[PDB]
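To start, the structure itself, in structure tokens.
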Amino acid sequence: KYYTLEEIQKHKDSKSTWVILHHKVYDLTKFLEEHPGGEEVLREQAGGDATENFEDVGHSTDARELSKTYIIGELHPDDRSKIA
Ligand code: HEM
């Protein structure tokens with residue numbers, strides 16, 4: 005399902021904490037508490053083009069593979085050229 009940067013940007017933190025990861029929207033409004041690096045790193049990239057600051061962070065493949073378990077959406081076919 006598509007989502008626009010607007011809705012994404014709203015959903016930073018507290019009960020709606022979404023991330024655009026490799027052109028794929030995951031909500032992670034819970035995992036905030038769970039991540040070994042806690043909220044901060046998620047929060048600061050939430051409602052954002054986290055694609056990059058996610059996979060470039062030296063994440064182990066593991067942290068990527070679970071990523072494709074969730075998927076609430078992809079994105080609008082315009083925002084597709086912002087993530088870059
Ligand atoms: C999809 C859910 C994610 C999972 C399950 C996950 C899992 C992990 C794991 C297992 C590590 C530790 C790697 C190790 O000890 O070798 C890690 C490290 C890290 N993650 Fe994530 N991660 C997720 C999402 C994110 C996101 C979205 C960000 C922010 C953009 C992020 C930022 C970081 C950072 C900064 C570190 C390392 C910091 C340091 O070395 O002190 N993670 N993650």
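When we follow PDB author numbering, the leftmost residue of the sequence shown carries the number 5, and every step to the right adds one. Every residue, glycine too, gets a C-beta built ideally from N, C-alpha and C.
Between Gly52 and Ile24, the CB-CB gap stays under 8 Å. One alpha carbon belongs to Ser18, the other to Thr33, and they sit about 7 Å apart. Remark: the shortest separation between the CB of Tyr30 and any heavy atom of the ligand HEM falls under 7 Å. Secondary structure at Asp31: strand, using DSSP grouped into helix, strand and coil. Rounded to the nearest angstrom, the gap between the Cα atoms of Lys72 and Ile87 is 18 Å.
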